[PDB]
>>> print(open('my_file.cif').read())   # mmCIF, C-alpha atoms and all ligand atoms
data_data
loop_
_atom_site.group_PDB
_atom_site.id
_atom_site.type_symbol
_atom_site.label_atom_id
_atom_site.label_comp_id
_atom_site.auth_asym_id
_atom_site.auth_seq_id
_atom_site.Cartn_x
_atom_site.Cartn_y
_atom_site.Cartn_z
ATOM 1 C CA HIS H 1 4.830 18.129 -15.530
ATOM 2 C CA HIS H 2 3.578 16.313 -12.393
ATOM 3 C CA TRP H 3 5.003 13.155 -10.831
ATOM 4 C CA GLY H 4 4.045 9.718 -12.070
ATOM 5 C CA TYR H 5 5.571 6.457 -13.248
ATOM 6 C CA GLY H 6 6.542 7.290 -16.824
ATOM 7 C CA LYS H 7 10.024 7.718 -18.320
ATOM 8 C CA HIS H 8 10.042 11.425 -17.778
ATOM 9 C CA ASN H 9 8.322 11.765 -14.406
ATOM 10 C CA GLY H 10 8.913 8.430 -12.657
ATOM 11 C CA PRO H 11 10.637 7.456 -9.421
ATOM 12 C CA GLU H 12 14.124 8.541 -10.568
ATOM 13 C CA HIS H 13 12.813 12.096 -11.039
ATOM 14 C CA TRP H 14 10.873 12.492 -7.802
ATOM 15 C CA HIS H 15 13.794 13.866 -5.777
ATOM 16 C CA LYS H 16 13.759 17.151 -7.744
ATOM 17 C CA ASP H 17 10.357 18.136 -6.317
ATOM 18 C CA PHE H 18 10.613 15.990 -3.163
ATOM 19 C CA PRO H 19 14.237 15.916 -1.928
ATOM 20 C CA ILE H 20 13.224 13.550 0.919
ATOM 21 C CA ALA H 21 13.217 10.930 -1.866
ATOM 22 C CA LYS H 22 16.913 10.457 -1.007
ATOM 23 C CA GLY H 23 16.234 10.453 2.759
ATOM 24 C CA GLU H 24 17.249 8.115 5.551
ATOM 25 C CA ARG H 25 14.049 6.049 5.931
ATOM 26 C CA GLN H 26 12.576 5.651 2.441
ATOM 27 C CA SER H 27 10.246 2.904 1.290
ATOM 28 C CA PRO H 28 9.862 0.374 -0.138
ATOM 29 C CA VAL H 29 12.885 -1.814 0.638
ATOM 30 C CA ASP H 30 14.115 -5.256 -0.140
ATOM 31 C CA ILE H 31 13.390 -7.641 2.766
ATOM 32 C CA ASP H 32 16.416 -9.876 3.113
ATOM 33 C CA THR H 33 14.873 -12.770 4.980
ATOM 34 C CA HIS H 34 18.102 -14.139 6.317
ATOM 35 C CA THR H 35 19.167 -10.784 7.867
ATOM 36 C CA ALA H 36 15.750 -9.804 9.363
ATOM 37 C CA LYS H 37 15.822 -10.740 13.021
ATOM 38 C CA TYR H 38 13.097 -12.348 15.024
ATOM 39 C CA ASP H 39 12.002 -9.928 17.752
ATOM 40 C CA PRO H 40 10.238 -11.639 20.642
ATOM 41 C CA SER H 41 9.465 -8.194 22.121
ATOM 42 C CA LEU H 42 6.873 -7.643 19.393
ATOM 43 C CA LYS H 43 3.380 -7.773 20.962
ATOM 44 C CA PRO H 44 0.652 -9.681 19.161
ATOM 45 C CA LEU H 45 -0.755 -7.882 16.096
ATOM 46 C CA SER H 46 -4.495 -6.965 16.032
ATOM 47 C CA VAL H 47 -6.515 -6.339 12.880
ATOM 48 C CA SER H 48 -10.057 -5.349 13.919
ATOM 49 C CA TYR H 49 -12.054 -4.790 10.745
ATOM 50 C CA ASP H 50 -15.487 -6.171 11.775
ATOM 51 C CA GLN H 51 -17.055 -2.684 11.905
ATOM 52 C CA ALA H 52 -15.295 -1.316 8.812
ATOM 53 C CA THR H 53 -17.407 1.111 6.786
ATOM 54 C CA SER H 54 -16.287 1.421 3.192
ATOM 55 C CA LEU H 55 -17.594 4.428 1.297
ATOM 56 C CA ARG H 56 -16.172 4.978 -2.149
ATOM 57 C CA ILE H 57 -13.691 3.800 -4.720
ATOM 58 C CA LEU H 58 -11.632 6.361 -6.614
ATOM 59 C CA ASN H 59 -9.224 6.330 -9.562
ATOM 60 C CA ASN H 60 -6.698 8.856 -8.244
ATOM 61 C CA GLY H 61 -4.555 8.999 -11.402
ATOM 62 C CA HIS H 62 -1.827 6.649 -10.197
ATOM 63 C CA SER H 63 -3.774 3.779 -8.571
ATOM 64 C CA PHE H 64 -7.302 3.176 -7.303
ATOM 65 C CA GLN H 65 -8.275 3.518 -3.654
ATOM 66 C CA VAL H 66 -11.143 2.218 -1.564
ATOM 67 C CA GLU H 67 -11.925 4.767 1.162
ATOM 68 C CA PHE H 68 -13.394 4.178 4.630
ATOM 69 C CA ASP H 69 -15.192 6.212 7.246
ATOM 70 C CA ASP H 70 -12.356 7.064 9.644
ATOM 71 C CA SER H 71 -14.379 9.517 11.792
ATOM 72 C CA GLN H 72 -14.693 6.859 14.505
ATOM 73 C CA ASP H 73 -12.727 3.859 15.766
ATOM 74 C CA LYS H 74 -14.391 1.292 13.434
ATOM 75 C CA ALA H 75 -11.605 -0.488 11.570
ATOM 76 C CA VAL H 76 -8.340 -0.347 13.520
ATOM 77 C CA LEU H 77 -4.856 -1.843 13.594
ATOM 78 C CA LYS H 78 -3.104 -2.222 16.937
ATOM 79 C CA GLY H 79 -0.458 -4.407 18.501
ATOM 80 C CA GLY H 80 2.559 -5.720 16.684
ATOM 81 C CA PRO H 81 5.236 -3.005 16.726
ATOM 82 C CA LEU H 82 2.623 -0.304 17.274
ATOM 83 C CA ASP H 83 1.867 1.821 20.273
ATOM 84 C CA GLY H 84 -1.702 3.045 20.306
ATOM 85 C CA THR H 85 -4.520 2.718 17.793
ATOM 86 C CA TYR H 86 -4.421 3.302 14.083
ATOM 87 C CA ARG H 87 -7.552 3.827 11.991
ATOM 88 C CA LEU H 88 -8.056 2.469 8.485
ATOM 89 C CA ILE H 89 -8.485 5.332 6.010
ATOM 90 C CA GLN H 90 -8.097 3.541 2.686
ATOM 91 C CA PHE H 91 -6.552 0.704 0.790
ATOM 92 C CA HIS H 92 -4.999 0.645 -2.636
ATOM 93 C CA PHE H 93 -2.717 -1.445 -4.789
ATOM 94 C CA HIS H 94 0.446 -1.287 -6.888
ATOM 95 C CA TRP H 95 0.813 -3.687 -9.808
ATOM 96 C CA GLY H 96 2.798 -4.518 -12.907
ATOM 97 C CA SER H 97 2.396 -4.816 -16.636
ATOM 98 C CA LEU H 98 3.492 -8.481 -16.319
ATOM 99 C CA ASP H 99 3.098 -11.002 -13.498
ATOM 100 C CA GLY H 100 6.841 -10.922 -12.754
ATOM 101 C CA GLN H 101 6.749 -7.396 -11.370
ATOM 102 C CA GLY H 102 4.453 -4.969 -9.598
ATOM 103 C CA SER H 103 5.214 -5.154 -5.889
ATOM 104 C CA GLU H 104 7.036 -2.348 -4.120
ATOM 105 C CA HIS H 105 8.598 -4.391 -1.351
ATOM 106 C CA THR H 106 10.603 -7.387 -2.491
ATOM 107 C CA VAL H 107 11.575 -10.523 -0.579
ATOM 108 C CA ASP H 108 15.131 -11.693 -1.213
ATOM 109 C CA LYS H 109 14.858 -9.594 -4.385
ATOM 110 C CA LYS H 110 11.704 -11.419 -5.508
ATOM 111 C CA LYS H 111 9.028 -9.176 -7.015
ATOM 112 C CA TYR H 112 5.378 -10.159 -6.654
ATOM 113 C CA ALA H 113 2.640 -9.390 -9.229
ATOM 114 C CA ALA H 114 1.116 -6.694 -7.004
ATOM 115 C CA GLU H 115 1.015 -5.326 -3.475
ATOM 116 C CA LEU H 116 -1.956 -4.230 -1.369
ATOM 117 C CA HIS H 117 -1.549 -1.382 1.087
ATOM 118 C CA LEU H 118 -4.023 -0.876 3.917
ATOM 119 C CA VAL H 119 -3.281 2.606 5.178
ATOM 120 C CA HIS H 120 -3.935 3.551 8.813
ATOM 121 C CA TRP H 121 -3.305 6.682 10.895
ATOM 122 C CA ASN H 122 -2.457 7.119 14.569
ATOM 123 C CA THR H 123 -5.494 8.431 16.406
ATOM 124 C CA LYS H 124 -3.332 10.437 18.823
ATOM 125 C CA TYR H 125 -2.748 12.961 16.004
ATOM 126 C CA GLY H 126 -6.436 13.578 15.314
ATOM 127 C CA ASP H 127 -6.449 13.601 11.512
ATOM 128 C CA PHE H 128 -4.541 12.064 8.616
ATOM 129 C CA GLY H 129 -2.936 15.321 7.523
ATOM 130 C CA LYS H 130 -1.442 15.871 10.985
ATOM 131 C CA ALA H 131 -0.433 12.205 11.278
ATOM 132 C CA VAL H 132 1.729 12.316 8.129
ATOM 133 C CA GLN H 133 3.871 15.014 9.807
ATOM 134 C CA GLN H 134 4.861 12.595 12.623
ATOM 135 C CA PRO H 135 7.469 9.797 12.597
ATOM 136 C CA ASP H 136 4.909 7.348 14.002
ATOM 137 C CA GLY H 137 1.891 8.839 12.260
ATOM 138 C CA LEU H 138 0.933 5.991 9.899
ATOM 139 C CA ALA H 139 0.898 2.214 9.901
ATOM 140 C CA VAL H 140 0.648 0.582 6.487
ATOM 141 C CA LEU H 141 -0.178 -3.093 6.268
ATOM 142 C CA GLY H 142 1.362 -4.528 3.092
ATOM 143 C CA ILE H 143 0.204 -7.750 1.507
ATOM 144 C CA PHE H 144 1.747 -9.356 -1.542
ATOM 145 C CA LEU H 145 -0.300 -10.734 -4.417
ATOM 146 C CA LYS H 146 0.740 -13.671 -6.569
ATOM 147 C CA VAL H 147 -1.127 -14.969 -9.594
ATOM 148 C CA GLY H 148 -2.844 -18.341 -9.128
ATOM 149 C CA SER H 149 -6.314 -19.060 -7.783
ATOM 150 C CA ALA H 150 -8.837 -16.229 -7.579
ATOM 151 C CA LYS H 151 -9.307 -14.257 -4.372
ATOM 152 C CA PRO H 152 -13.079 -14.302 -3.867
ATOM 153 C CA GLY H 153 -12.994 -11.314 -1.541
ATOM 154 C CA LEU H 154 -11.327 -9.220 -4.247
ATOM 155 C CA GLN H 155 -13.922 -9.781 -6.920
ATOM 156 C CA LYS H 156 -16.282 -7.006 -5.815
ATOM 157 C CA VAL H 157 -13.373 -4.569 -6.271
ATOM 158 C CA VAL H 158 -12.397 -5.878 -9.716
ATOM 159 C CA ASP H 159 -15.979 -5.719 -10.972
ATOM 160 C CA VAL H 160 -16.411 -2.013 -10.262
ATOM 161 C CA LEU H 161 -13.140 -0.966 -12.000
ATOM 162 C CA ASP H 162 -14.946 -0.533 -15.350
ATOM 163 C CA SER H 163 -16.894 2.292 -13.710
ATOM 164 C CA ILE H 164 -13.735 4.162 -12.622
ATOM 165 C CA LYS H 165 -11.593 3.634 -15.701
ATOM 166 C CA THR H 166 -10.058 7.131 -15.853
ATOM 167 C CA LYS H 167 -8.461 9.619 -13.461
ATOM 168 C CA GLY H 168 -10.919 11.419 -11.217
ATOM 169 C CA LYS H 169 -13.763 8.918 -11.559
ATOM 170 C CA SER H 170 -15.293 7.555 -8.364
ATOM 171 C CA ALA H 171 -18.132 5.222 -7.467
ATOM 172 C CA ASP H 172 -20.115 4.356 -4.370
ATOM 173 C CA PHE H 173 -18.468 1.383 -2.708
ATOM 174 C CA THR H 174 -20.264 0.611 0.486
ATOM 175 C CA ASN H 175 -20.412 -2.570 2.574
ATOM 176 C CA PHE H 176 -17.097 -3.931 1.377
ATOM 177 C CA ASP H 177 -15.372 -6.148 3.935
ATOM 178 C CA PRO H 178 -11.556 -5.841 3.781
ATOM 179 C CA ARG H 179 -11.155 -8.995 5.879
ATOM 180 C CA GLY H 180 -11.661 -10.861 2.610
ATOM 181 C CA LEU H 181 -8.315 -9.558 1.358
ATOM 182 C CA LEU H 182 -6.172 -11.015 4.211
ATOM 183 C CA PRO H 183 -4.113 -14.175 4.069
ATOM 184 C CA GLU H 184 -4.443 -16.875 6.768
ATOM 185 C CA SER H 185 -1.300 -15.970 8.671
ATOM 186 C CA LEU H 186 -0.508 -12.557 10.210
ATOM 187 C CA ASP H 187 3.260 -13.336 10.422
ATOM 188 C CA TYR H 188 5.077 -10.139 9.387
ATOM 189 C CA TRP H 189 8.220 -8.084 8.914
ATOM 190 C CA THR H 190 8.319 -4.516 10.207
ATOM 191 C CA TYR H 191 10.594 -1.513 9.730
ATOM 192 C CA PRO H 192 10.370 2.318 9.851
ATOM 193 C CA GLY H 193 9.860 3.915 6.461
ATOM 194 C CA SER H 194 7.980 6.342 4.328
ATOM 195 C CA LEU H 195 5.075 6.923 1.950
ATOM 196 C CA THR H 196 6.042 5.282 -1.347
ATOM 197 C CA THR H 197 4.653 8.135 -3.489
ATOM 198 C CA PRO H 198 5.184 11.864 -3.238
ATOM 199 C CA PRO H 199 5.232 13.553 -0.766
ATOM 200 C CA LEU H 200 7.396 10.613 0.398
ATOM 201 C CA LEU H 201 7.010 11.641 4.052
ATOM 202 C CA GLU H 202 8.949 9.582 6.605
ATOM 203 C CA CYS H 203 5.926 8.836 8.778
ATOM 204 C CA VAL H 204 5.213 5.114 8.328
ATOM 205 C CA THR H 205 5.626 2.009 10.438
ATOM 206 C CA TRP H 206 5.590 -0.662 7.739
ATOM 207 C CA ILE H 207 4.089 -4.036 8.543
ATOM 208 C CA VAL H 208 4.530 -6.429 5.603
ATOM 209 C CA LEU H 209 2.830 -9.826 5.791
ATOM 210 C CA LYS H 210 4.933 -12.881 4.908
ATOM 211 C CA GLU H 211 2.107 -14.836 3.329
ATOM 212 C CA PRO H 212 0.922 -13.589 -0.026
ATOM 213 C CA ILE H 213 -2.631 -13.790 -1.217
ATOM 214 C CA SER H 214 -3.403 -15.444 -4.536
ATOM 215 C CA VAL H 215 -5.435 -13.629 -7.174
ATOM 216 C CA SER H 216 -6.385 -14.921 -10.636
ATOM 217 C CA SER H 217 -4.838 -13.825 -13.917
ATOM 218 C CA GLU H 218 -8.315 -12.468 -14.845
ATOM 219 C CA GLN H 219 -8.431 -10.373 -11.673
ATOM 220 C CA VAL H 220 -5.036 -8.755 -12.239
ATOM 221 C CA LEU H 221 -5.792 -8.244 -15.954
ATOM 222 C CA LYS H 222 -8.689 -6.051 -14.898
ATOM 223 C CA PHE H 223 -6.338 -3.876 -12.782
ATOM 224 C CA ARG H 224 -4.260 -3.404 -15.976
ATOM 225 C CA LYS H 225 -7.274 -2.059 -17.905
ATOM 226 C CA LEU H 226 -7.452 1.027 -15.764
ATOM 227 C CA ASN H 227 -6.107 4.328 -17.128
ATOM 228 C CA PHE H 228 -3.694 6.891 -15.687
ATOM 229 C CA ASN H 229 -5.267 9.516 -17.958
ATOM 230 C CA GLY H 230 -8.520 11.369 -17.605
ATOM 231 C CA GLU H 231 -11.602 10.837 -19.742
ATOM 232 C CA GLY H 232 -11.155 12.127 -23.269
ATOM 233 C CA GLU H 233 -7.351 12.081 -23.013
ATOM 234 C CA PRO H 234 -4.989 9.685 -24.841
ATOM 235 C CA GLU H 235 -5.150 6.224 -23.220
ATOM 236 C CA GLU H 236 -2.221 5.347 -21.026
ATOM 237 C CA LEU H 237 -2.771 2.005 -19.250
ATOM 238 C CA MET H 238 -2.317 2.118 -15.482
ATOM 239 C CA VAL H 239 0.432 -0.450 -15.046
ATOM 240 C CA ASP H 240 3.779 -0.443 -13.277
ATOM 241 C CA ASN H 241 2.705 2.059 -10.623
ATOM 242 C CA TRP H 242 5.313 0.793 -8.159
ATOM 243 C CA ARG H 243 8.409 2.469 -6.700
ATOM 244 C CA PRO H 244 11.509 0.222 -6.671
ATOM 245 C CA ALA H 245 13.354 -0.741 -3.506
ATOM 246 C CA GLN H 246 15.261 2.025 -1.779
ATOM 247 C CA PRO H 247 18.456 1.914 0.300
ATOM 248 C CA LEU H 248 17.959 0.389 3.738
ATOM 249 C CA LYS H 249 20.560 2.714 5.301
ATOM 250 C CA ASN H 250 20.584 2.599 9.065
ATOM 251 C CA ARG H 251 17.577 0.346 9.626
ATOM 252 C CA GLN H 252 16.834 -3.143 10.850
ATOM 253 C CA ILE H 253 13.919 -5.191 9.608
ATOM 254 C CA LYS H 254 12.397 -7.238 12.406
ATOM 255 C CA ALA H 255 10.400 -10.482 12.021
ATOM 256 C CA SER H 256 7.410 -11.428 14.154
ATOM 257 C CA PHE H 257 8.124 -15.118 13.586
ATOM 258 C CA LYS H 258 11.024 -17.565 13.748
HETATM 259 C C1 LIG T 301 -1.497 14.657 3.649
HETATM 260 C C2 LIG T 301 -0.269 14.668 2.741
HETATM 261 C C3 LIG T 301 -0.670 13.966 1.438
HETATM 262 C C4 LIG T 301 -0.395 12.597 1.337
HETATM 263 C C5 LIG T 301 -0.736 11.909 0.187
HETATM 264 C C6 LIG T 301 -1.350 12.560 -0.887
HETATM 265 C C7 LIG T 301 -1.637 13.928 -0.767
HETATM 266 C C8 LIG T 301 -1.299 14.636 0.382
HETATM 267 O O1 LIG T 301 -1.567 15.995 0.527
HETATM 268 S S1 LIG T 301 -0.710 16.956 -0.221
HETATM 269 N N1 LIG T 301 -1.052 18.466 0.315
HETATM 270 O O2 LIG T 301 0.765 16.725 -0.044
HETATM 271 O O3 LIG T 301 -1.071 16.896 -1.681
HETATM 272 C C9 LIG T 301 -1.748 11.826 -2.187
HETATM 273 C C10 LIG T 301 -0.792 10.606 -2.380
HETATM 274 C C11 LIG T 301 -0.988 9.743 -1.153
HETATM 275 C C12 LIG T 301 -0.391 10.400 0.112
HETATM 276 C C13 LIG T 301 -0.626 9.496 1.373
HETATM 277 C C14 LIG T 301 0.147 8.230 1.165
HETATM 278 C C15 LIG T 301 -0.325 7.542 -0.071
HETATM 279 C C16 LIG T 301 -1.795 7.081 0.272
HETATM 280 C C17 LIG T 301 0.321 6.266 -0.525
HETATM 281 O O4 LIG T 301 0.257 5.100 0.380
HETATM 282 S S2 LIG T 301 1.513 4.218 0.514
HETATM 283 N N2 LIG T 301 1.908 3.587 -0.909
HETATM 284 O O5 LIG T 301 0.995 3.220 1.422
HETATM 285 O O6 LIG T 301 2.658 5.007 1.003
HETATM 286 C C18 LIG T 301 -0.039 6.046 -2.016
HETATM 287 C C19 LIG T 301 -0.871 7.355 -2.330
HETATM 288 C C20 LIG T 301 -0.383 8.327 -1.237
HETATM 289 ZN ZN ZN T 302 0.925 2.077 -1.614
#
>>> encode(input="my_file.cif", output="structure tokens")
Amino acid sequence: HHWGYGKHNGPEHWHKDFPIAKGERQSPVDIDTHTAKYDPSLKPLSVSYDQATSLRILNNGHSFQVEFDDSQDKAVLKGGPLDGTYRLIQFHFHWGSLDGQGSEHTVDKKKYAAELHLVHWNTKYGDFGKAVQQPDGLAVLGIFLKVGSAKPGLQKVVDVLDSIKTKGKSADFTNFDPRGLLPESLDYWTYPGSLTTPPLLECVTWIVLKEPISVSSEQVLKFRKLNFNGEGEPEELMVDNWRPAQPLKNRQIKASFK
């Protein structure tokens, strides 16, 4: 009886195995745009993905993830609210069964069709497993997806999903350029939070971009053909793998823009 997103093991159950689920800096949250305050102390944000080295794509049983070589400073996030250098380890998505839901963060209670998370760890802690034990160990760049025009830079991801339909399947996924998944503007909101799945560790500086990317209905439909189950098990479509907004508690969301 492991955690997931079903009726009997979904987000409302997670606290029993992971009591930090009810903690003081849980994610995601609703971003109330009128209350977020512009912070002119924020330094410019820096997304340096030109030397990114993608390796593999994996169906992990709750989403799919594209993994990178993080054994060197090759794809890094710096600047913004961050002190130091954070290395890209993987990206993944959360999405809905219908276009009206799927994102984890919301904006004035609006849900997007999906949300991309580019996960990075602070190089001062040496490895990802040590970084997640630190309050400033991770920086996750969140990007909303809305349904409209296709995102050309996403198509290479969508076309390999057939090959990783079920839990535990992976495929070679080299030479993928994550710059093709970014919107034009790097305007963002930032706040201190957590992993949005178990173990729910409170180790993340969240940086959520204001501008969504557009993906086509066909692209998102292919996400919804994935399976939570393993091969040869009853088919359970991988949809609605998002955690709802959590209490903001004693936090302020800051904006990089006026
Ligand atoms: C190093 C601690 C640890 C973290 C994570 C996992 C296993 C982990 O190891 S363990 N021993 O607890 O099973 C698998 C689930 C992973 C999580 C790191 C944070 C992850 C990438 C999440 O990223 S997110 N949504 O941006 O917070 C979604 C999947 C998460
Ligand atoms: Zn995520």
>>> residues_near_point(input="my_file.cif", point="(-11.1, 3.3, -3.4)", cutoff="8 Å", atoms="all atoms listed in the file", output="PyMOL selection string")
chain H and resi 56-59+64-67+90-92+170+173
>>> resolve_selection(input="my_file.cif", expression="the PyMOL selection byres (((chain H and resi 253) around 12) and not hetatm)", output="ChimeraX atom specification")
/H:25,28-39,81,107,188-193,205-208,248-252,254-256
>>> resolve_selection(input="my_file.cif", expression="the PyMOL selection byres (((chain H and resi 238) around 9) and not hetatm)", output="list in words")
residues 61, 62, 63, 95, 96, 97, 223, 224, 225, 226, 227, 228, 229, 236, 237, 239, 240 and 241 of chain H
>>> axis_aligned_box(input="my_file.cif", around="segment 240-246 of chain H", padding_each_side="8 Å", output="lines of an AutoDock Vina configuration file")
center_x = 9.0
center_y = 0.9
center_z = -7.5
size_x = 28.6
size_y = 19.2
size_z = 27.5
>>> residues_around(input="my_file.cif", residues="segment 177-182 of chain H", least_positions_apart="6", cutoff="12 Å", atoms="only C-alpha atoms", output="NGL selection string")
:H and (47-55 or 66-68 or 75-76 or 88-93 or 115-119 or 141-145 or 150-157 or 208-215)
>>> resolve_selection(input="my_file.cif", expression="the PyMOL selection byres (((not hetatm)) within 7 of (chain T and resi 301))", output="list in words")
residues 117, 118, 119, 128, 129, 132, 140, 194, 195, 196, 197, 198 and 199 of chain H
>>> closest_residue(input="my_file.cif", among="H:112, H:176, H:18, H:242", to="ligand ZN 302 (chain T)", atoms="all atoms listed in the file")
H:242
>>> atom_distance(input="my_file.cif", atom1="atom CA of residue 9 of chain H", atom2="atom CA of residue 221 of chain H")
24.5 Å
>>> closest_residue(input="my_file.cif", among="H:149, H:235, H:104, H:158", to="ligand ZN 302 (chain T)", atoms="all atoms listed in the file")
H:104
>>> residues_around(input="my_file.cif", residues="residue 86 of chain H", least_positions_apart="3", cutoff="7 Å", atoms="all atoms listed in the file", output="short mmCIF file (atom, residue, chain, number, x, y, z; two decimals) with C-alpha atoms, keeping the file's coordinate frame")
data_model
loop_
_atom_site.label_atom_id
_atom_site.label_comp_id
_atom_site.auth_asym_id
_atom_site.auth_seq_id
_atom_site.Cartn_x
_atom_site.Cartn_y
_atom_site.Cartn_z
CA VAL H 76 -8.34 -0.35 13.52
CA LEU H 77 -4.86 -1.84 13.59
CA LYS H 78 -3.10 -2.22 16.94
CA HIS H 120 -3.94 3.55 8.81
CA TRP H 121 -3.30 6.68 10.90
CA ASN H 122 -2.46 7.12 14.57
CA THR H 123 -5.49 8.43 16.41
CA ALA H 139 0.90 2.21 9.90
#
>>> closest_residue(input="my_file.cif", among="H:137, H:183, H:102, H:148", to="ligand ZN 302 (chain T)", atoms="only C-alpha atoms and all ligand atoms")
H:102
>>> atom_distance(input="my_file.cif", atom1="atom CA of residue 232 of chain H", atom2="atom CA of residue 165 of chain H")
11.4 Å
>>> atom_distance(input="my_file.cif", atom1="atom CA of residue 217 of chain H", atom2="atom CA of residue 27 of chain H")
27.2 Å
>>> closest_residue(input="my_file.cif", among="H:70, H:231, H:202, H:17", to="residue 169 of chain H", atoms="only C-alpha atoms")
H:231
>>> closest_residue(input="my_file.cif", among="H:111, H:130, H:105, H:258", to="residue 26 of chain H", atoms="all atoms listed in the file")
H:105
>>> residues_near_point(input="my_file.cif", point="(8.6, 10.9, -8.2)", cutoff="6 Å", atoms="all atoms listed in the file", output="list in words")
residues 3, 10, 11, 13 and 14 of chain H
>>> closest_residue(input="my_file.cif", among="H:114, H:171, H:147, H:203", to="ligand ZN 302 (chain T)", atoms="all atoms listed in the file")
H:114
>>> build_atoms(input="my_file.cif", residues="segment 203-215 of chain H", atoms="N, CA, C and O atoms", output="mmCIF file, in the coordinates of the input")
data_model
loop_
_atom_site.group_PDB
_atom_site.id
_atom_site.type_symbol
_atom_site.label_atom_id
_atom_site.label_comp_id
_atom_site.auth_asym_id
_atom_site.auth_seq_id
_atom_site.Cartn_x
_atom_site.Cartn_y
_atom_site.Cartn_z
ATOM 1 N N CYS H 203 6.940 8.853 7.717
ATOM 2 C CA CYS H 203 5.926 8.836 8.778
ATOM 3 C C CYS H 203 5.293 7.468 8.972
ATOM 4 O O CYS H 203 4.302 7.370 9.651
ATOM 5 N N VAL H 204 5.874 6.420 8.385
ATOM 6 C CA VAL H 204 5.213 5.114 8.328
ATOM 7 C C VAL H 204 5.940 4.023 9.119
ATOM 8 O O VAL H 204 7.147 3.829 8.935
ATOM 9 N N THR H 205 5.205 3.300 9.959
ATOM 10 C CA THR H 205 5.626 2.009 10.438
ATOM 11 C C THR H 205 5.068 0.988 9.453
ATOM 12 O O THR H 205 3.852 0.802 9.328
ATOM 13 N N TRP H 206 5.974 0.339 8.735
ATOM 14 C CA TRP H 206 5.590 -0.662 7.739
ATOM 15 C C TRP H 206 5.428 -2.016 8.406
ATOM 16 O O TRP H 206 6.285 -2.428 9.200
ATOM 17 N N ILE H 207 4.340 -2.675 8.068
ATOM 18 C CA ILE H 207 4.089 -4.036 8.543
ATOM 19 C C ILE H 207 3.755 -4.838 7.276
ATOM 20 O O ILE H 207 2.714 -4.643 6.670
ATOM 21 N N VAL H 208 4.682 -5.714 6.872
ATOM 22 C CA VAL H 208 4.530 -6.429 5.603
ATOM 23 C C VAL H 208 4.321 -7.915 5.932
ATOM 24 O O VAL H 208 5.161 -8.549 6.546
ATOM 25 N N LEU H 209 3.172 -8.431 5.530
ATOM 26 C CA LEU H 209 2.830 -9.826 5.791
ATOM 27 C C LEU H 209 3.692 -10.770 4.936
ATOM 28 O O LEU H 209 3.981 -10.531 3.755
ATOM 29 N N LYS H 210 4.102 -11.863 5.563
ATOM 30 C CA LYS H 210 4.933 -12.881 4.908
ATOM 31 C C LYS H 210 4.162 -13.691 3.870
ATOM 32 O O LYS H 210 4.691 -14.055 2.813
ATOM 33 N N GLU H 211 2.912 -13.987 4.179
ATOM 34 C CA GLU H 211 2.107 -14.836 3.329
ATOM 35 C C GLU H 211 1.409 -14.012 2.283
ATOM 36 O O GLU H 211 0.608 -13.145 2.619
ATOM 37 N N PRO H 212 1.660 -14.300 1.013
ATOM 38 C CA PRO H 212 0.922 -13.589 -0.026
ATOM 39 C C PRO H 212 -0.500 -14.112 -0.142
ATOM 40 O O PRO H 212 -0.836 -15.220 0.337
ATOM 41 N N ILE H 213 -1.358 -13.301 -0.741
ATOM 42 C CA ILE H 213 -2.631 -13.790 -1.217
ATOM 43 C C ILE H 213 -2.520 -14.117 -2.691
ATOM 44 O O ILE H 213 -1.691 -13.545 -3.410
ATOM 45 N N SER H 214 -3.328 -15.086 -3.127
ATOM 46 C CA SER H 214 -3.403 -15.444 -4.536
ATOM 47 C C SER H 214 -4.594 -14.778 -5.180
ATOM 48 O O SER H 214 -5.702 -14.773 -4.600
ATOM 49 N N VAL H 215 -4.377 -14.198 -6.354
ATOM 50 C CA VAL H 215 -5.435 -13.629 -7.174
ATOM 51 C C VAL H 215 -5.346 -14.267 -8.556
ATOM 52 O O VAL H 215 -4.300 -14.816 -8.939
#
